[PDB]
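Take a look at the structure below.
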Amino acid sequence: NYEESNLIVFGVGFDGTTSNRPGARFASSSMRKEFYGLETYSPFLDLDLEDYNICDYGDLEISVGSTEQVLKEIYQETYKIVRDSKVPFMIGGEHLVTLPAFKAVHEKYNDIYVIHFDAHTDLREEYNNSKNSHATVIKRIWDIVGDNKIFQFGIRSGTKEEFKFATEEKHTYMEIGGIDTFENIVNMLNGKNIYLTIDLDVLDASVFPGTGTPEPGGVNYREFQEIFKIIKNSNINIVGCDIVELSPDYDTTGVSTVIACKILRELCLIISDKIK
Ligand SMILES: [Mn+2]
Ligand SMILES: [Mn+2]
Ligand SMILES: [Mn+2]
Ligand SMILES: [Mn+2]
């Protein structure tokens with residue numbers, strides 16, 4: 001139930017700005033018919049979903065034919081959750097859904113930090129002639145928070161300019177080709193408010209092929225799950241979270257969906273435990 005839970009999970013089946021690889025729209029619904037049979041207990045974290053109050057808000061009803069309209073709707077849903085002093089956990093399609101969600105969170109937490117997991121920088125100003133795209137989401141967010149607020153991990157694909165923007169111009173912190181520095185970054189953000197956005201393609205392409213733009217050279221699941229332990233043992237405050245870019249049909253084995261489901265579980269556990 002809404003009022004009793006501190007974590008509100010909802011889906012956003014939207015991929016309106018994705019041209020050649022649509023499908024992220026099916027992420028939450030694909031996970032829905034799968035999540036049912038997975039264990040509620042996590043042996044890795046030694047936590048159980050059953051010990052917490054988590055609300056399954058289902059999928060957000062969104063308009064069709066207008067990206068602009070969809071973003072406003074996501075913003076609205078997120079805002080109400082934030083307004084009610086609860087943590088919004090969005091399971092979206094494309095990465096653009098993170099922009100309005102982040103805004104709703106930033107409205108209350110002006111001094112917030114962003115933790116970004118992705119195979120792509122998402123720092124380009126435009127993509128397919130649009131300023132608002134899954135590929136420009138972090139640039140949009142940087143326009144809101146500025147330098148020394150964004151931390152990116154696992155990045156391994158992008159234009160030279162996008163990388164310079166972070167590495168040379170230092171507009172964001174970026175760990176290229178890995179996530180090994182995550183524990184250090186998290187400890188440094190001790191006691192800070194964080195918006196965690198996880199683009200699932202941060203995982204290696206052969207491990208998580210059910211995504212729009214697979215990129216070889218990523219981390220496997222065993223390596224990735226370590227971030228859950230690091231967050232659990234840290235003192236960071238996640239006030240907003242999301243996982244995105246799961247595009248089911250592209251992984252005929254169906255394993256990508258299972259991976260998303262498990263990641264969803266561990267994250268709920270981690271956040272739910274901190275809120276206590
Ligand atoms: Mn990506
Ligand atoms: Mn992307
Ligand atoms: Mn992304
Ligand atoms: Mn391996």
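Along the sequence shown, residues carry numbers from 1. Reckoned from all heavy atoms, side chains included, excluding hydrogens, waters and symmetry mates. When a ligand or atom number is given, it counts from 1 through the structure's own listing order.
Each of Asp204, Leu203, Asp251 was checked for a side chain to side chain contact (heavy atoms under 4.5 Å, CB included) with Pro209, and the lone residue meeting it is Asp251.
In this structure, the ring of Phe224 has its center no less than 6.0 angstrom from the ring center of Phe208. For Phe182 and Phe117, the distance between ring centers is under 6.0 angstrom. The ring of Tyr57 has its center no closer than 6.0 angstrom to the ring center of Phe10.
A donor-acceptor contact closer than 3.5 angstrom is absent between the side chains of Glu34 and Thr257.
Closer than 2.8 Å to the Mn ion (ligand 3) sit the protein N, O or S atoms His95 ND1, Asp118 OD2, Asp122 OD2, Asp199 OD2.
With sequence neighbours excluded, the residues that form a side chain to side chain contact (heavy atoms under 4.5 Å, CB included) with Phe26 are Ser29, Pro248, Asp249.
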